[PDB]
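When you read off a place in the sequence shown, starting at 1, and then add 841, the result is the number in the working numbering. Even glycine gets a Cβ: it sits at the ideal position worked out from N, Cα and C. Input: a single structure, listed below in structure tokens.
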Amino acid sequence: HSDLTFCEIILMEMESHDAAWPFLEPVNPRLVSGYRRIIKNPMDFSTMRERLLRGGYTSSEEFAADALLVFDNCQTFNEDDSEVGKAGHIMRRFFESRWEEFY
Ligand SMILES: CCOC(=O)c1cn(C)c(=O)cc1Cl
């Protein structure tokens, strides 16, 4: 239980983060040219929220994979000095930091 209880804590903390704005909702491929072709497994905080709420995470490890996928996607599609890339680096370092000072 404590495993999934922390997942809620961190997801909430990511959702409300200043740098979270690129990752709150699925990327809209109609608005982002090339996104469909380049990113095979899209992921975002609202998708993780839906699954978490509907109980669909077996372990804290499955949750971490989705979180890391968000930031791997970010780094694959965006330049590191792009506005989205900069936000993703802040978010990625925030996640790894929060996650580790518990596990
Ligand atoms: C809220 C709009 O965010 C974006 O436009 C965007 C988000 N992600 C996660 C990307 O990888 C690329 C863009 Cl353009």
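Top-ranked residue by Cα proximity to residue i, from the options
i: residue 887; options: 852, 926 and 913; result: 852
i: residue 916; options: 909, 861, 926 and 858; result: 926
i: residue 945; options: 863, 937 and 909; result: The structure shown does not extend to residue 945, since the chain is modelled only from 842 through 944, so no value can be given for it.
i: residue 889; options: 910, 844 and 875; result: 910
Nearest-angstrom beta carbon gap, residue j and residue i [assumed within contact, 8 angstroms]
i: residue 868; j: residue 883; result: 6 angstroms
i: residue 858; j: residue 935; result: 6 angstroms
i: residue 914; j: residue 880; result: 5 angstroms
i: residue 912; j: residue 933; result: 4 angstroms
i: residue 860; j: residue 928; result: 4 angstroms
The region 843-851 touching the region 894-908, judged by at least three CB pairs closer than 8 angstroms: yes
Length at least 4, wholly inside the region 872-933: the alpha helix (DSSP H) runs in chain order: 876-879, 886-894 and 901-918
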